[PDB]
Structures are given as C-alpha cells and as structure tokens.
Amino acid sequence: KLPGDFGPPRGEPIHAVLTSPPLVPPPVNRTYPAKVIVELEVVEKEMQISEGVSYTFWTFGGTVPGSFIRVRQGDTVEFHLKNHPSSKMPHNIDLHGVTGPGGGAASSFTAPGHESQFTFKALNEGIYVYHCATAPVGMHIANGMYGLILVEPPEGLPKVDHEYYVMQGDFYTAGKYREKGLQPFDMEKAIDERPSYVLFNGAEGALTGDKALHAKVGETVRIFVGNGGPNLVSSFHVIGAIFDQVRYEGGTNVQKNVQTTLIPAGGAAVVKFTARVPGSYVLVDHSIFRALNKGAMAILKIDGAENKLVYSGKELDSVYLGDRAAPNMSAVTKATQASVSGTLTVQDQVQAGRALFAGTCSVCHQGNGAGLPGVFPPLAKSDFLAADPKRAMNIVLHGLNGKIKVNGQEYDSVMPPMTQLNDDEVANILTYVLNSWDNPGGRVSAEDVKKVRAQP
C-alpha cells in the first residue's frame, strides 16, 4: 500500500488560500481527502534587501519566502504555476514531499507570460521546502525562489495560540554588506558559499522591531522554519528560551527541550515555544557572524507580567541586538534616497546616523555620548572630536589606541577598527554625533570618508 491511502478525493474541489510570510493559512480542519487547487505566480521585482540596498528578487507570490501552502496528507493537489509577463527568466517548481521525478520540475516549466499545471498526491505528511528548479538552479534559489508547503497529518496538528512562518536564506551581492544601491547577484561568491547577507524572510529587519512576531505569556507558538539555502546550514537557535519540540520534515523523530538545532540546506522543521516571561526572544543562525554581522536575526516579542522568581533581568537592548533594537531604521532608507536624488540634508544624515549609532557606537560611548569617565571617552561635547573631524573619520575606519586626552581626562585604551562600515554609514554616524550633545555641527560626507579610506 502507498502511504496517505485515504481513498479518492471527496467533497468539493478546494481553492487553496495561500498566505504571505510570516503568516500561515488556517488549519485545514477536514476529515476527508480533497482535490486542492493551488495557484502560484512568479514575479521578478526589485525590493529592499536592506535599508537603501535594492536587489532583484525572483519570487513565488511576490514575497521571500514564497506563499505558504497548506494541505492534508492524502489530498490530490492540482498545482498551477504562472510566470508573470514582466519576467525575463523561465521558472518551475520542485516541491519537497512530492512523489515523482523533480518534485514537479519538468511539468512546471513556465516561460514568461505562460502557465503550467501538474497534479500530485500528497502521500507524505510533514513540513517541506519548495523551490525553483530552473537552470542555473542555484541562481534561482539565491534570488529568493523558495517557500514552505505543510502537509498536515489526517487528524491535524495540535492546537496552538499562534502559527508563524520563518525562512532563512543566504544571499550573494556584488557589493559588500550594507553597500547602497541596486546590487547584482554575484555568482562567484555563490559558488564559494560566501554570502554577503544571511536573512530571515528576505530582508534585514524583516522580523525585528515593529515587524516582530508577537505572543503573550502563557501562550504557545508554533513556527514553521525553512532553510532555503542555497548553501548554508543553520545552527538555528532561540536566545533566552528553549524549543519544547523540534520535528524535521515529516520525520517520526521528535526532539524535545533543545535550544540549538541544525537545519540542512533545503530542510525544514516545525518548532514549538511556550512563552514564560516577557521580552524579546531572538531566532538566530548561531554561526554567529551570520546573525550579528549579516542579518540573520528575527524576534518573537512576548507581552505580559514579569516573574522575578524566574528572571530578574531586563529586556534586550542595543548591546546585544545592535541597531535592530529600535522599531525600524527608516531614516537610513530616506537618507540613501536623498543622496540618489541629490537632496541630502544635514538632518537627513543626522537621523540616519542616529539609527546607525545604536549598538555600533553606543555600546562603549553610551546612547547619550557620555562614555564612562577614564574608561570610554565622551562623544558628548567632545573637545577631541571638535578639534579634528578628519581624525574622527580615521578613528572610525582604522581604530585608535594609546594615551589621549578628552575633556580634560586621560584615556589609554583601544577602540577597534570599524572598516566594515560603508562610507555613507561613517559619514552619517559622524554627522549625527557632530549635531548632538553641544558638538559644533557641520557634516561629514561619504566622499570625505572615501578619501580617508584610500589614504589612512
């Protein structure tokens, strides 16, 4: 007998309602197998991969990851793929969980402006990645062509308070991390498995700040977690919490009470979380430079009463979360646009710099620039800053050590170089500082920084 042998489809054909991340369709809530009609459209479009950084994404349903599909084991799925006429590339689909060559790939080949269809029976319960399977496949996947399909067990999953959809991917831009402008795909970095960004849900900050996932103390949360790759394996982890359950694909095995779990490239898992105490819980790839240097962080924010018997401490802040502690970094987007338009004002720079100062600089110099006397020198009303703005550019790029005097006090410490900051970021940060805390005002330009970077 084949698995999923629940007989022919019955009832009426069901048009599947698909959802955009990070939301999930409702439970199927059905006791009979059905014919389920799935309609998905490929759209190629520019979107912001980071503030001020555009990328040409290739998408299933207009999002990265693509629309979530939810069916029942034993269903007959009539899958329709449409390729929007604006597309330049052909596309197709391989759904993990399909029983048949290519997971649908040969029969779903769809040129721009065309449609295709194929039918499969969902024999296999589980959570599964789907992705494009069009040569060059790695390029298509790298450009965002992946999503999740859930094939429910016949009785449904246990009830929870919230269900969310989170998918990791690695991305390959010609430019470096946070370098502004429309960034091409970089095939050489992709072949070498050297991503410039590693993201949840297609963008930096997609699930942080005002875009966080939400729940309340006492509630249960199920997260459908994909790893589209193309190349990286996620050391997937929740900061400050534990997973009650982790189940990979449709596996019989269920691990319970783990905090860190390896998700293969192309893999998927269902995790369950129970909210205990309020605050922000961070989903990360614990290959930690991905999480804290390339974008791979997402937030589940829990509302409710503190329990000092369980945890006496404070909510997360910019020391750990960096510049993603805040609701958003919209000022960076605005300043980048203003630079393109040739209308960049001092205030545009100040507000972008404010956003970027958090964590990056405030960890040592404090959010108010006061530092810590004799330990971390002040940026507030700083004589040393005022005396030489070009020196300040060199300090950000190249670091500073040795004995200095600031506001009448000696320091003898080490500020590491921060050369990974882009010219606009340094410029904006320093313009923020110059226009705060009784400093002398004025501005630093990206071009000013470019010149210092070329001659330390």
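For every residue, the number given is its place in the sequence shown, counted from 1.
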key: Residue range whose averaged C-alpha B-factor is higher in the record, 386-394 or 57-65   = 386-394
inquiry  = Please compare 77-85 with 333-341 and name the stretch with the higher mean C-alpha B-factor in the deposited structure.
reply    = 333-341
message = Just the C-alpha B-factor column, please: which of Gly304, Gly144, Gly240, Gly205 has the biggest number?
response = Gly304
Member of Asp285, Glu193, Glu163, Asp317 with the greatest C-alpha B factor (per the PDB record) = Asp317
query = Within this chain, which third does the Cα B-factor at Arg290 fall in: lowest, middle or highest?
reply = lowest
key: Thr19 - Cα temperature factor, lowest/middle/highest third of chain   = middle
inquiry  = Split into thirds by Cα B-factor across the chain's modelled residues, where does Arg30 land: lowest, middle or highest?
reply    = highest
note = Of the three thirds of the chain ranked by Cα temperature factor, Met418 occupies the highest
remark   = In terms of its chain's C-alpha B-factors, the third that includes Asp210 is the highest
